[PDB]
Every structure is written in structure tokens, then in C-alpha cells.
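File shown here: coords-v8.cif, holding mmCIF, C-alpha atoms.
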data_run
#
loop_
_atom_site.group_PDB
_atom_site.id
_atom_site.type_symbol
_atom_site.label_atom_id
_atom_site.label_comp_id
_atom_site.auth_asym_id
_atom_site.auth_seq_id
_atom_site.Cartn_x
_atom_site.Cartn_y
_atom_site.Cartn_z
ATOM 1 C CA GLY Q 1 -24.707 -1.856 -5.049
ATOM 2 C CA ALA Q 2 -22.819 1.248 -6.127
ATOM 3 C CA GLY Q 3 -25.563 3.408 -4.593
ATOM 4 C CA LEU Q 4 -24.988 6.297 -6.997
ATOM 5 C CA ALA Q 5 -28.614 7.161 -7.735
ATOM 6 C CA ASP Q 6 -29.398 6.822 -4.045
ATOM 7 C CA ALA Q 7 -26.605 9.254 -3.140
ATOM 8 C CA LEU Q 8 -28.355 11.788 -5.366
ATOM 9 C CA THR Q 9 -31.994 11.105 -4.393
ATOM 10 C CA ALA Q 10 -32.587 9.142 -1.234
ATOM 11 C CA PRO Q 11 -32.354 10.189 2.432
ATOM 12 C CA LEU Q 12 -29.645 8.702 4.590
ATOM 13 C CA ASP Q 13 -30.637 6.009 7.072
ATOM 14 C CA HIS Q 14 -28.923 4.027 9.802
ATOM 15 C CA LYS Q 15 -27.672 1.337 7.420
ATOM 16 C CA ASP Q 16 -25.613 3.742 5.306
ATOM 17 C CA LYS Q 17 -21.936 3.401 6.107
ATOM 18 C CA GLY Q 18 -19.913 6.456 7.104
ATOM 19 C CA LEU Q 19 -18.623 8.828 5.877
ATOM 20 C CA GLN Q 20 -22.252 10.047 5.769
ATOM 21 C CA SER Q 21 -21.852 13.261 3.825
ATOM 22 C CA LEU Q 22 -19.467 15.985 2.769
ATOM 23 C CA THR Q 23 -19.776 19.652 1.973
ATOM 24 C CA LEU Q 24 -19.024 20.686 -1.603
ATOM 25 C CA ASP Q 25 -16.780 23.693 -1.167
ATOM 26 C CA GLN Q 26 -13.711 23.352 -3.369
ATOM 27 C CA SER Q 27 -15.620 21.243 -5.886
ATOM 28 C CA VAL Q 28 -17.836 24.150 -6.973
ATOM 29 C CA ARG Q 29 -17.213 27.888 -6.756
ATOM 30 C CA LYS Q 30 -19.528 30.150 -4.833
ATOM 31 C CA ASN Q 31 -21.464 31.319 -7.857
ATOM 32 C CA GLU Q 32 -21.529 28.062 -9.798
ATOM 33 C CA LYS Q 33 -23.538 24.865 -9.793
ATOM 34 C CA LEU Q 34 -22.496 21.266 -10.240
ATOM 35 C CA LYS Q 35 -25.134 18.970 -11.769
ATOM 36 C CA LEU Q 36 -24.261 15.358 -10.908
ATOM 37 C CA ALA Q 37 -25.877 12.473 -12.756
ATOM 38 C CA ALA Q 38 -25.652 8.726 -12.387
ATOM 39 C CA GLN Q 39 -27.848 5.663 -12.760
ATOM 40 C CA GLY Q 40 -30.745 7.675 -14.116
ATOM 41 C CA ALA Q 41 -30.815 10.247 -11.303
ATOM 42 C CA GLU Q 42 -29.544 13.817 -11.160
ATOM 43 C CA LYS Q 43 -29.083 16.490 -8.530
ATOM 44 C CA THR Q 44 -27.842 20.073 -8.741
ATOM 45 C CA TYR Q 45 -25.423 21.210 -6.041
ATOM 46 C CA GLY Q 46 -24.175 24.640 -5.067
ATOM 47 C CA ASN Q 47 -21.241 25.668 -2.962
ATOM 48 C CA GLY Q 48 -21.776 24.529 0.611
ATOM 49 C CA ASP Q 49 -24.363 21.861 -0.238
ATOM 50 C CA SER Q 50 -24.047 18.343 1.168
ATOM 51 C CA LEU Q 51 -23.360 15.247 -0.940
ATOM 52 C CA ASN Q 52 -24.634 12.047 0.711
ATOM 53 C CA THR Q 53 -21.575 9.834 0.382
ATOM 54 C CA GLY Q 54 -23.030 7.398 2.923
ATOM 55 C CA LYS Q 55 -24.797 5.681 0.011
ATOM 56 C CA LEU Q 56 -21.523 4.973 -1.834
ATOM 57 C CA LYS Q 57 -19.102 2.061 -1.502
ATOM 58 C CA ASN Q 58 -16.151 2.457 0.836
ATOM 59 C CA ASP Q 59 -12.516 2.301 -0.257
ATOM 60 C CA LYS Q 60 -13.172 2.742 -3.956
ATOM 61 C CA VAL Q 61 -13.890 5.439 -6.496
ATOM 62 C CA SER Q 62 -17.526 6.215 -7.304
ATOM 63 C CA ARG Q 63 -18.169 7.947 -10.619
ATOM 64 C CA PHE Q 64 -20.823 10.412 -11.743
ATOM 65 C CA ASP Q 65 -21.226 12.601 -14.784
ATOM 66 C CA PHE Q 66 -20.984 16.333 -14.080
ATOM 67 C CA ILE Q 67 -21.992 19.545 -15.774
ATOM 68 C CA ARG Q 68 -20.623 22.767 -14.251
ATOM 69 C CA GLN Q 69 -22.838 25.809 -14.801
ATOM 70 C CA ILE Q 70 -23.056 29.506 -14.084
ATOM 71 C CA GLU Q 71 -25.738 32.101 -14.744
ATOM 72 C CA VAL Q 72 -25.171 34.889 -17.254
ATOM 73 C CA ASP Q 73 -27.745 37.619 -16.882
ATOM 74 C CA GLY Q 74 -29.812 35.196 -14.806
ATOM 75 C CA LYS Q 75 -29.810 32.338 -17.337
ATOM 76 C CA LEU Q 76 -27.818 29.113 -16.938
ATOM 77 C CA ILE Q 77 -24.974 28.197 -19.271
ATOM 78 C CA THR Q 78 -22.613 25.229 -19.247
ATOM 79 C CA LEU Q 79 -18.912 25.863 -18.655
ATOM 80 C CA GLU Q 80 -17.503 22.337 -18.429
ATOM 81 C CA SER Q 81 -18.489 18.688 -18.330
ATOM 82 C CA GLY Q 82 -16.852 15.417 -17.417
ATOM 83 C CA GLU Q 83 -16.666 12.796 -14.695
ATOM 84 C CA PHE Q 84 -16.947 13.530 -10.974
ATOM 85 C CA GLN Q 85 -15.154 11.052 -8.719
ATOM 86 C CA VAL Q 86 -15.590 10.340 -5.017
ATOM 87 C CA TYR Q 87 -13.192 8.244 -2.961
ATOM 88 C CA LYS Q 88 -14.931 7.356 0.304
ATOM 89 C CA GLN Q 89 -13.493 6.224 3.626
ATOM 90 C CA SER Q 90 -15.223 5.868 7.019
ATOM 91 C CA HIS Q 91 -14.347 9.312 8.398
ATOM 92 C CA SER Q 92 -13.042 11.087 5.294
ATOM 93 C CA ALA Q 93 -13.563 11.394 1.563
ATOM 94 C CA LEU Q 94 -12.123 13.090 -1.493
ATOM 95 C CA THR Q 95 -13.713 14.410 -4.656
ATOM 96 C CA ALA Q 96 -12.097 14.943 -8.051
ATOM 97 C CA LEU Q 97 -13.157 16.314 -11.430
ATOM 98 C CA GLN Q 98 -12.025 14.767 -14.706
ATOM 99 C CA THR Q 99 -12.796 17.362 -17.346
ATOM 100 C CA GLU Q 100 -13.782 16.092 -20.758
ATOM 101 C CA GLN Q 101 -15.347 19.157 -22.429
ATOM 102 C CA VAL Q 102 -14.982 22.924 -21.887
ATOM 103 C CA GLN Q 103 -16.148 26.186 -23.350
ATOM 104 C CA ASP Q 104 -13.951 27.199 -26.267
ATOM 105 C CA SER Q 105 -11.638 30.197 -26.552
ATOM 106 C CA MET Q 106 -17.579 23.011 -26.405
ATOM 107 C CA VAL Q 107 -14.184 21.437 -27.105
ATOM 108 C CA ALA Q 108 -12.458 18.369 -25.749
ATOM 109 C CA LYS Q 109 -9.878 19.241 -23.154
ATOM 110 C CA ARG Q 110 -8.929 16.638 -20.590
ATOM 111 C CA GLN Q 111 -7.679 17.735 -17.199
ATOM 112 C CA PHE Q 112 -7.981 16.404 -13.698
ATOM 113 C CA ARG Q 113 -8.203 18.182 -10.359
ATOM 114 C CA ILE Q 114 -8.879 17.286 -6.766
ATOM 115 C CA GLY Q 115 -11.942 19.000 -5.346
ATOM 116 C CA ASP Q 116 -12.813 18.575 -1.709
ATOM 117 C CA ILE Q 117 -10.787 17.028 1.092
ATOM 118 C CA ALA Q 118 -13.559 16.316 3.579
ATOM 119 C CA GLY Q 119 -14.535 14.491 6.706
ATOM 120 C CA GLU Q 120 -14.564 14.313 10.493
ATOM 121 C CA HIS Q 121 -11.322 16.155 11.072
ATOM 122 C CA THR Q 122 -9.092 15.180 13.988
ATOM 123 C CA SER Q 123 -8.601 18.065 16.376
ATOM 124 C CA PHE Q 124 -4.952 18.965 16.829
ATOM 125 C CA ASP Q 125 -5.242 18.723 20.620
ATOM 126 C CA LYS Q 126 -6.755 15.237 20.371
ATOM 127 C CA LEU Q 127 -3.749 13.900 18.460
ATOM 128 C CA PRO Q 128 -1.816 11.076 20.139
ATOM 129 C CA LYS Q 129 0.900 12.711 22.203
ATOM 130 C CA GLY Q 130 3.509 10.129 21.186
ATOM 131 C CA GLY Q 131 4.218 7.021 19.193
ATOM 132 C CA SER Q 132 3.787 6.653 15.472
ATOM 133 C CA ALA Q 133 1.134 5.420 13.108
ATOM 134 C CA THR Q 134 1.438 4.021 9.604
ATOM 135 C CA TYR Q 135 -1.305 4.441 7.048
ATOM 136 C CA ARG Q 136 -2.019 2.551 3.853
ATOM 137 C CA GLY Q 137 -4.485 3.346 1.114
ATOM 138 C CA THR Q 138 -5.053 4.582 -2.398
ATOM 139 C CA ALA Q 139 -3.521 7.128 -4.717
ATOM 140 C CA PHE Q 140 -5.585 8.070 -7.759
ATOM 141 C CA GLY Q 141 -5.010 10.406 -10.672
ATOM 142 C CA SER Q 142 -6.449 10.918 -14.136
ATOM 143 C CA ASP Q 143 -7.481 7.555 -15.581
ATOM 144 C CA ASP Q 144 -5.699 5.629 -12.795
ATOM 145 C CA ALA Q 145 -7.188 4.591 -9.453
ATOM 146 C CA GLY Q 146 -4.604 1.856 -8.905
ATOM 147 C CA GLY Q 147 -1.960 3.705 -6.936
ATOM 148 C CA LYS Q 148 -0.923 2.997 -3.378
ATOM 149 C CA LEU Q 149 -0.325 5.418 -0.530
ATOM 150 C CA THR Q 150 1.948 4.655 2.383
ATOM 151 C CA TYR Q 151 2.442 7.290 5.043
ATOM 152 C CA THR Q 152 3.847 7.407 8.572
ATOM 153 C CA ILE Q 153 3.215 10.044 11.236
ATOM 154 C CA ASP Q 154 5.534 10.415 14.221
ATOM 155 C CA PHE Q 155 3.237 12.070 16.763
ATOM 156 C CA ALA Q 156 6.086 12.797 19.182
ATOM 157 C CA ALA Q 157 8.098 14.624 16.515
ATOM 158 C CA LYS Q 158 4.971 16.082 14.840
ATOM 159 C CA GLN Q 159 6.274 15.000 11.452
ATOM 160 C CA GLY Q 160 5.029 12.794 8.686
ATOM 161 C CA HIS Q 161 6.415 11.318 5.497
ATOM 162 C CA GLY Q 162 5.501 8.696 2.946
ATOM 163 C CA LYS Q 163 5.296 7.742 -0.688
ATOM 164 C CA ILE Q 164 3.075 7.035 -3.656
ATOM 165 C CA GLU Q 165 3.616 3.790 -5.571
ATOM 166 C CA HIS Q 166 2.151 1.841 -8.454
ATOM 167 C CA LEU Q 167 0.633 4.640 -10.515
ATOM 168 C CA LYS Q 168 1.056 3.817 -14.192
ATOM 169 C CA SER Q 169 2.810 7.086 -15.005
ATOM 170 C CA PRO Q 170 6.155 6.418 -13.262
ATOM 171 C CA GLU Q 171 6.994 10.051 -12.440
ATOM 172 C CA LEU Q 172 3.893 10.188 -10.239
ATOM 173 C CA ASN Q 173 5.375 7.653 -7.782
ATOM 174 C CA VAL Q 174 6.875 10.380 -5.629
ATOM 175 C CA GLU Q 175 8.154 10.784 -2.121
ATOM 176 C CA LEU Q 176 5.845 12.695 0.228
ATOM 177 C CA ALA Q 177 8.748 14.391 1.928
ATOM 178 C CA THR Q 178 9.006 14.932 5.657
ATOM 179 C CA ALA Q 179 6.740 17.732 6.802
ATOM 180 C CA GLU Q 180 5.331 19.224 9.966
ATOM 181 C CA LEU Q 181 2.090 18.135 11.596
ATOM 182 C CA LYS Q 182 0.365 21.381 12.558
ATOM 183 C CA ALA Q 183 -2.999 22.897 13.362
ATOM 184 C CA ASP Q 184 -5.016 24.540 10.573
ATOM 185 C CA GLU Q 185 -7.391 27.505 10.871
ATOM 186 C CA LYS Q 186 -10.028 25.193 12.478
ATOM 187 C CA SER Q 187 -7.539 23.612 14.939
ATOM 188 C CA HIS Q 188 -7.622 20.473 12.812
ATOM 189 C CA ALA Q 189 -4.497 18.423 12.256
ATOM 190 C CA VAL Q 190 -2.865 18.872 8.820
ATOM 191 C CA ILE Q 191 0.453 18.287 7.036
ATOM 192 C CA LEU Q 192 1.604 20.474 4.142
ATOM 193 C CA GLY Q 193 4.781 19.304 2.429
ATOM 194 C CA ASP Q 194 6.679 18.861 -0.805
ATOM 195 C CA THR Q 195 6.494 16.056 -3.303
ATOM 196 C CA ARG Q 196 9.965 14.969 -4.350
ATOM 197 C CA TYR Q 197 11.513 12.637 -6.888
ATOM 198 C CA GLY Q 198 15.164 11.965 -6.384
ATOM 199 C CA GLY Q 199 15.124 14.624 -3.657
ATOM 200 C CA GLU Q 200 14.080 17.384 -6.107
ATOM 201 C CA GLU Q 201 10.765 19.118 -5.519
ATOM 202 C CA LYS Q 202 8.016 18.308 -8.011
ATOM 203 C CA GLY Q 203 5.035 19.898 -6.283
ATOM 204 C CA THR Q 204 3.330 19.873 -2.910
ATOM 205 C CA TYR Q 205 0.993 17.711 -0.885
ATOM 206 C CA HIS Q 206 -1.730 18.441 1.648
ATOM 207 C CA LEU Q 207 -2.885 15.750 4.086
ATOM 208 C CA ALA Q 208 -5.529 16.114 6.762
ATOM 209 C CA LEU Q 209 -6.086 13.693 9.643
ATOM 210 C CA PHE Q 210 -9.557 12.301 10.273
ATOM 211 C CA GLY Q 211 -11.342 10.370 12.995
ATOM 212 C CA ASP Q 212 -11.361 10.908 16.733
ATOM 213 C CA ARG Q 213 -7.732 9.720 16.946
ATOM 214 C CA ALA Q 214 -6.349 10.188 13.457
ATOM 215 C CA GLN Q 215 -7.479 6.779 12.203
ATOM 216 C CA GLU Q 216 -7.522 8.112 8.627
ATOM 217 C CA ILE Q 217 -5.682 10.532 6.373
ATOM 218 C CA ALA Q 218 -6.854 12.120 3.137
ATOM 219 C CA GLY Q 219 -5.630 14.845 0.822
ATOM 220 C CA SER Q 220 -3.927 15.639 -2.428
ATOM 221 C CA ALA Q 221 -0.538 15.823 -4.082
ATOM 222 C CA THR Q 222 0.809 17.467 -7.223
ATOM 223 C CA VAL Q 223 3.611 16.352 -9.510
ATOM 224 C CA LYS Q 224 4.800 18.488 -12.431
ATOM 225 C CA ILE Q 225 5.998 16.720 -15.595
ATOM 226 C CA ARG Q 226 7.507 19.282 -17.966
ATOM 227 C CA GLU Q 227 5.100 22.155 -17.365
ATOM 228 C CA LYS Q 228 2.029 19.986 -16.717
ATOM 229 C CA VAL Q 229 0.805 19.582 -13.148
ATOM 230 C CA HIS Q 230 -0.725 16.180 -12.359
ATOM 231 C CA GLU Q 231 -3.004 16.162 -9.352
ATOM 232 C CA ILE Q 232 -3.348 13.006 -7.258
ATOM 233 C CA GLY Q 233 -5.875 12.114 -4.587
ATOM 234 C CA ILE Q 234 -4.394 10.275 -1.613
ATOM 235 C CA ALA Q 235 -6.302 8.623 1.216
ATOM 236 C CA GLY Q 236 -5.573 5.882 3.684
ATOM 237 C CA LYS Q 237 -6.275 4.214 6.995
ATOM 238 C CA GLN Q 238 -4.126 3.290 9.976
ATOM 239 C CA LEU Q 239 -2.649 -0.212 10.010
#
Rewritten as C-alpha cells:
Amino acid sequence: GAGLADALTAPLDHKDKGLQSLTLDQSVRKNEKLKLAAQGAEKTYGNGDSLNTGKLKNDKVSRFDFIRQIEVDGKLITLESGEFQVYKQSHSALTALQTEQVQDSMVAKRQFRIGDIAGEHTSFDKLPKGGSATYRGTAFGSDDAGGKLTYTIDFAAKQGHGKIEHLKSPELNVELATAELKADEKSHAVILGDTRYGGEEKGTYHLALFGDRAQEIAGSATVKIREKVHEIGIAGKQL
């Protein structure tokens, strides 16, 4: 049961697997709305509203249709439409938007972006004080949810590194170069680094740690091919 209509319509209950919900912040700007539709249901979301991911399947991509709207002189118009993707783990989740149509100057333009990086963030002070952990999971980009993430954090050194493999576009199978594990503005544990291919920078990556002891990681990476930036969602779980 993909649980897509239920995510949009039905209250959470004790049988719904975590992650229970996420806040739509990066997925929709402060003055816009995101109308999500699937399986005959629809719900309109604004910035800061909760999406009940508990209804969705874990460790895979769930897909909805979206329409992104704004008001002009108090009346709604459509800016963009496409597919809204959610990749759900137990303490973390990612969203992404695959554009299919946009306002002209509606025309077909295809682009893909990561929206929210969400979950039960690990507090920096609650990180393991030593040892290392290795994580495995998924990398997904436009039209391709088959990639693999591998990532290792050395808690003693406060450094992480890893790689993306198996995406169909070969340039996307980048190194997630060594980067510092630091505290963000909420005292949550994060890693901001460079993507590299043959040691040359191709973009950046952002990983956040989730769970009471950093059981999960989730975030995004970018890889530029000619002038075109390809965004990739990356999420995994400790081995």
C-alpha cells in the first residue's frame, strides 16, 4: 500500500511507520502554495505546513502530482506543475520537485530540484565521541532513483566522506569529498562539502545526521555537467 491518498487525507495513527511528518519549508516559498495530488486525493500546503510521511513506504520514492501557485491581486494562478517526490526513512526524509510545465516567458521545461531535508536531527553534542560509522542508502536524481550512497563518518576526527554510484548518467557518480562535521544554527550535526570527480570540484553536498545517535543521514548533492546543475537526493542508514 503506497499510502499516498492517506498521506494527504487521513490522520496519523500508531501503526504508521516513522518518519511521521515533515515541515514543508524549502519545498514551497513563504507566499506560495503546493497542491499535491495522488490516488484521487488532493491537499494544498503552504510554507511551514506538515506533510504526513508516516503513511508512505520506507526506503523508496513516493510520487505525487504537484501544482505550485501564488496569488496575484488575491487570485490564485499556477506557476509550475510536475511530480513531487518523497524519499522516506525512519528518522529523516527528503522531498524533490520534478518540473514538467512552467509559465512561459504553460510550456514544457524539465528540471529537478531537492526540496526539504527533514527529520529528527541529531544534536551535535549527542554525537558519538569516537569511532566511525558507515552508511548505505539511495541516491536519486531526475528520472533515476537507482543510485547508491555510501558514506563514512569518523566521529573522532569530525570528518565524513563518501561516494555516489550506479546513477545512469555516469558523471553523477561523484566523490563526496572529505568535509567537516559541524553544528548548524540549531546545534544539529551537519556536513557541508564538495562533490568531486577526478579530484576536481563539480558542486557541493549537504548532509544532515538524524536519529538520537546519528543512525541516519540525508541531504543533497549537486553536479554540474557543462553549465547544467544536476541535483541529487542522498539518504542512508548506518550499517
Sorted by chain and rising residue number, which residues of segment 52-85 of chain Q lie within 9 Å of segment 8-12 of chain Q, and what are their closest atom pairs and distances in Å to one decimal, counting only C-alpha atoms, as a Markdown table?
| residue | atom | partner | partner_atom | distance |
| --- | --- | --- | --- | --- |
| Q:52 | CA | Q:8 | CA | 7.1 |
| Q:54 | CA | Q:12 | CA | 6.9 |
| Q:55 | CA | Q:12 | CA | 7.3 |
Using C-alpha atoms, can you export the residues from the last selection as a CSV table (one decimal), keeping the file's coordinate frame?
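Now in part-v2.csv:
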chain,number,residue,atom,x,y,z
Q,52,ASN,CA,-24.6,12.0,0.7
Q,54,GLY,CA,-23.0,7.4,2.9
Q,55,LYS,CA,-24.8,5.7,0.0
- Evaluate the PyMOL selection byres ((chain Q and resi 36) around 12) and report residues as number ranges by chain: Q: 4-5, 7-9, 24, 27-28, 33-35, 37-46, 51, 62-69, 81-86, 97
- Query: Which one of Q:92, Q:26, Q:58, Q:78 sits closest to residue 120 of chain Q if you count all atoms listed in the file?
  - Reply: Q:92
- Shell around residue 129 of chain Q at 12 Å using only C-alpha atoms, local window under 5 positions removed, as a list in words: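 My list of contacting residues is residues 124, 153, 154, 155, 156, 157, 158, 181, 213 and 214 of chain Q.
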Which residues are close to residue 239 of chain Q, i.e. within 8 Å by only C-alpha atoms, leaving aside same-chain residues fewer than 5 positions away? Reply as a PDB file with C-alpha atoms, in the coordinates of the input.
ATOM      1  CA  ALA Q 133       1.134   5.420  13.108  1.00  0.00           C
ATOM      2  CA  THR Q 134       1.438   4.021   9.604  1.00  0.00           C
ATOM      3  CA  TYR Q 135      -1.305   4.441   7.048  1.00  0.00           C
ATOM      4  CA  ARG Q 136      -2.019   2.551   3.853  1.00  0.00           C
TER       5      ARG Q 136
END
- Pull out every residue that the PyMOL selection byres ((chain Q and resi 125) around 9) matches in the shown coordinates and put them as a VMD selection string. chain Q and resid 122 to 124 126 to 129 183 187 to 189
Could you tell me, as a PDB file with C-alpha atoms, in the frame of the given file, exactly which residues end up selected when the PyMOL selection byres ((chain Q and resi 19) around 9) is applied to this structure?
ATOM      1  CA  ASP Q  16     -25.613   3.742   5.306  1.00  0.00           C
ATOM      2  CA  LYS Q  17     -21.936   3.401   6.107  1.00  0.00           C
ATOM      3  CA  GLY Q  18     -19.913   6.456   7.104  1.00  0.00           C
ATOM      4  CA  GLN Q  20     -22.252  10.047   5.769  1.00  0.00           C
ATOM      5  CA  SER Q  21     -21.852  13.261   3.825  1.00  0.00           C
ATOM      6  CA  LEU Q  22     -19.467  15.985   2.769  1.00  0.00           C
ATOM      7  CA  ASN Q  52     -24.634  12.047   0.711  1.00  0.00           C
ATOM      8  CA  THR Q  53     -21.575   9.834   0.382  1.00  0.00           C
ATOM      9  CA  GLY Q  54     -23.030   7.398   2.923  1.00  0.00           C
ATOM     10  CA  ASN Q  58     -16.151   2.457   0.836  1.00  0.00           C
ATOM     11  CA  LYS Q  88     -14.931   7.356   0.304  1.00  0.00           C
ATOM     12  CA  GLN Q  89     -13.493   6.224   3.626  1.00  0.00           C
ATOM     13  CA  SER Q  90     -15.223   5.868   7.019  1.00  0.00           C
ATOM     14  CA  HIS Q  91     -14.347   9.312   8.398  1.00  0.00           C
ATOM     15  CA  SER Q  92     -13.042  11.087   5.294  1.00  0.00           C
ATOM     16  CA  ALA Q  93     -13.563  11.394   1.563  1.00  0.00           C
ATOM     17  CA  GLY Q 119     -14.535  14.491   6.706  1.00  0.00           C
ATOM     18  CA  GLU Q 120     -14.564  14.313  10.493  1.00  0.00           C
TER      19      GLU Q 120
END
- Query: Counting all atoms listed in the file, which of Q:170, Q:219, Q:147, Q:236 gets nearest to residue 192 of chain Q?
  - Reply: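 Once distances to residue 192 of chain Q are computed over all atoms listed in the file, the minimum belongs to Q:219.
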Residues of segment 108-223 of chain Q within 9 Å of segment 101-104 of chain Q: nearest atom pair and distance (Å, one decimal) for each, counting all atoms listed in the file, sorted by chain and number, as JSON lines?
{"residue": "Q:108", "atom": "CA", "partner": "Q:101", "partner_atom": "CA", "distance": 4.5}
{"residue": "Q:109", "atom": "CA", "partner": "Q:101", "partner_atom": "CA", "distance": 5.5}
{"residue": "Q:110", "atom": "CA", "partner": "Q:101", "partner_atom": "CA", "distance": 7.1}
Env of residue 168 of chain Q: 10 Å cut, atoms = all atoms listed in the file, seq-sep filter 6 positions within chain, self excluded. Answer as a PDB file with C-alpha atoms, keeping the file's coordinate frame.
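Contents of out34.pdb, as written:
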ATOM      1  CA  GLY Q 141      -5.010  10.406 -10.672  1.00  0.00           C
ATOM      2  CA  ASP Q 143      -7.481   7.555 -15.581  1.00  0.00           C
ATOM      3  CA  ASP Q 144      -5.699   5.629 -12.795  1.00  0.00           C
ATOM      4  CA  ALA Q 145      -7.188   4.591  -9.453  1.00  0.00           C
ATOM      5  CA  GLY Q 146      -4.604   1.856  -8.905  1.00  0.00           C
ATOM      6  CA  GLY Q 147      -1.960   3.705  -6.936  1.00  0.00           C
TER       7      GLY Q 147
END
- Item | Residues within 10 Å of residue 1 of chain Q, all atoms listed in the file, excluding chain neighbours under 4 positions, as number ranges by chain | Q: 6, 55-57
Only C-alpha atoms, please: the residues just picked out, written as a compact mmCIF listing (two decimals), in the frame of the given file.
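Listed below is the output, selection09.txt:
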# COMPACT_ATOMS: atom_id res chain seq x y z
CA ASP Q 6 -29.40 6.82 -4.04
CA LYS Q 55 -24.80 5.68 0.01
CA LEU Q 56 -21.52 4.97 -1.83
CA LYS Q 57 -19.10 2.06 -1.50
- Give the answer as one residue: which of Q:182, Q:206, Q:29, Q:75 has the shortest atom-to-atom distance to residue 235 of chain Q, using only C-alpha atoms? Q:206
- Note on the structure: In Å and to one decimal, atom CA of residue 87 of chain Q is distant from atom CA of residue 59 of chain Q by 6.6 Å
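A straight line drawn from atom CA of residue 193 of chain Q to atom CA of residue 99 of chain Q is 26.5 Å long.
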- Note on the structure: The residue from Q:76, Q:149, Q:94, Q:208 with the smallest atom-to-atom distance to residue 176 of chain Q, counting only C-alpha atoms, is Q:149
- Using all atoms listed in the file, pick whichever of Q:150, Q:48, Q:228, Q:142 has the shortest atom-to-atom distance to residue 32 of chain Q.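 Once distances to residue 32 of chain Q are computed over all atoms listed in the file, the minimum belongs to Q:48.
With atom CA of residue 226 of chain Q on one side and atom CA of residue 112 of chain Q on the other, the separation reads 16.3 Å.
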- Message: For a quick check of understanding, using all atoms listed in the file, which of Q:237, Q:230, Q:15, Q:60 has the smallest distance to residue 151 of chain Q?
- Response: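 Closest candidate: Q:237.
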- Query: Near residue 172 of chain Q, within 10 Å and counting only C-alpha atoms, which residues show up once chain neighbours fewer than 3 positions away are dropped, as a list in words?
  - Reply: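 The neighbour list is residues 139, 141, 147, 163, 164, 165, 166, 167, 168, 169, 175, 195, 196, 197, 202, 221, 222, 223, 224, 225, 230, 231 and 232 of chain Q.
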Show me, as JSON, the centre and edge lengths in Å to one decimal of the axis-aligned box that covers every listed atom of segment 189-199 of chain Q with 5 Å on each side.
{"center_x": 5.3, "center_y": 16.2, "center_z": 2.7, "size_x": 29.7, "size_y": 18.5, "size_z": 29.1}
Reconstruct N, CA and C atoms of segment 130-142 of chain Q; output as an mmCIF file, in the frame of the given file.
data_model
loop_
_atom_site.group_PDB
_atom_site.id
_atom_site.type_symbol
_atom_site.label_atom_id
_atom_site.label_comp_id
_atom_site.auth_asym_id
_atom_site.auth_seq_id
_atom_site.Cartn_x
_atom_site.Cartn_y
_atom_site.Cartn_z
ATOM 1 N N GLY Q 130 2.279 10.800 21.532
ATOM 2 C CA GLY Q 130 3.509 10.129 21.186
ATOM 3 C C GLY Q 130 3.250 8.929 20.302
ATOM 4 N N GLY Q 131 4.311 8.165 20.067
ATOM 5 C CA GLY Q 131 4.218 7.021 19.193
ATOM 6 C C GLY Q 131 4.091 7.449 17.745
ATOM 7 N N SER Q 132 3.891 6.446 16.902
ATOM 8 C CA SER Q 132 3.787 6.653 15.472
ATOM 9 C C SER Q 132 2.636 5.814 14.963
ATOM 10 N N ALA Q 133 2.126 6.204 13.812
ATOM 11 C CA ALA Q 133 1.134 5.420 13.108
ATOM 12 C C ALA Q 133 1.506 5.350 11.646
ATOM 13 N N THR Q 134 1.249 4.203 11.036
ATOM 14 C CA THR Q 134 1.438 4.021 9.604
ATOM 15 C C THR Q 134 0.088 3.826 8.940
ATOM 16 N N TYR Q 135 -0.058 4.430 7.783
ATOM 17 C CA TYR Q 135 -1.305 4.441 7.048
ATOM 18 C C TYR Q 135 -1.065 3.813 5.692
ATOM 19 N N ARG Q 136 -2.076 3.111 5.190
ATOM 20 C CA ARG Q 136 -2.019 2.551 3.853
ATOM 21 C C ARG Q 136 -3.334 2.853 3.159
ATOM 22 N N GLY Q 137 -3.268 3.148 1.876
ATOM 23 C CA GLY Q 137 -4.485 3.346 1.114
ATOM 24 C C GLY Q 137 -4.213 3.560 -0.347
ATOM 25 N N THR Q 138 -5.001 4.431 -0.953
ATOM 26 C CA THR Q 138 -5.053 4.582 -2.398
ATOM 27 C C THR Q 138 -4.507 5.935 -2.815
ATOM 28 N N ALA Q 139 -3.863 5.926 -3.974
ATOM 29 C CA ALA Q 139 -3.521 7.128 -4.717
ATOM 30 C C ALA Q 139 -4.200 7.015 -6.069
ATOM 31 N N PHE Q 140 -4.872 8.087 -6.493
ATOM 32 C CA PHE Q 140 -5.585 8.070 -7.759
ATOM 33 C C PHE Q 140 -5.361 9.376 -8.509
ATOM 34 N N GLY Q 141 -5.123 9.252 -9.798
ATOM 35 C CA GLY Q 141 -5.010 10.406 -10.672
ATOM 36 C C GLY Q 141 -5.848 10.192 -11.906
ATOM 37 N N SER Q 142 -5.685 11.057 -12.899
ATOM 38 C CA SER Q 142 -6.449 10.918 -14.136
ATOM 39 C C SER Q 142 -6.294 9.512 -14.691
#
